[PDB]
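Just the one chain here, the form deposited in one PDB entry, laid out as structure tokens.
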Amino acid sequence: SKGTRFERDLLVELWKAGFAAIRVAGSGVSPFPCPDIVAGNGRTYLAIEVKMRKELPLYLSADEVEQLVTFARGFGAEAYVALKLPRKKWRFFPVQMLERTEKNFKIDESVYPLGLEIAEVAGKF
């Protein structure tokens, strides 16, 4: 459950990139759809699911993603997965960029590279 330390870490990055960002409470045992972090800089709004892996690939439960997009759609933000590999930087992946396994999704060696920097996230639109 070290996930927290990385959520807190990313928040700084976002805040440094101009994003008013927050961590979602009651996230785990929740009465509703809830991602890890939510952010907005006045032009862009982000629903985010945060993940840290020693190494690829990263798998994302069918459900998990449904919940993120379900939320992202409702709130009016862009659903994103932030991935953290030890030596590398925070990488940002739109749910469009995810690959379907049998009953789930993934980001592997073939996808990680075409992920976004935090700076690309802010000024793309």
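Only residues modelled in both forms are compared. Take the two forms, superpose them, and find the largest set of C-alpha atoms that agree within 1.5 Å; that set is the rigid core. Numbers for residues come from their place in the sequence shown, where the first is 1.
Between the stretches 56-64 and 30-38, it is 30-38 that shows the larger average CA temperature factor.
Looking only at 91, 43, 51, 87, the residue with the top Cα B factor in the deposited structure is 43. Per the deposited record, the Cα B-factor of residue 121 falls in the lowest third when ranked against the other modelled residues of its chain.
Ranked by C-alpha B-factor against the other modelled residues of its chain, residue 19 falls in the highest third.
Placement of the Cα temperature factor of residue 107 within the chain: highest third of the modelled residues, per the deposited record.
What comes next is about the form deposited in another entry, which does not appear here.
A displacement of less than 2 angstroms separates the C-alpha positions of residue 74 between this form and the one not shown, with the rigid core held in common. Comparing the forms between this form and the one not shown on their rigid core, the Cα displacement of residue 59 stays under 2 Å. Core-superposed comparison between this form and the one not shown: the Cα of residue 40 travels less than 2 Å. The Cα-Cα distance between residue 75 and residue 33 is lengthened by 3 Å or more in the other form relative to the form shown here. In the other form, the CA atoms of residue 29 and residue 76 draw together by 3 angstroms or more relative to this form. In sequence order, 3-9, 26-33 are the runs of at least 3 residues present in both forms whose Cα atoms shift by 2 Å or more between this form and the one not shown once the core is superposed.
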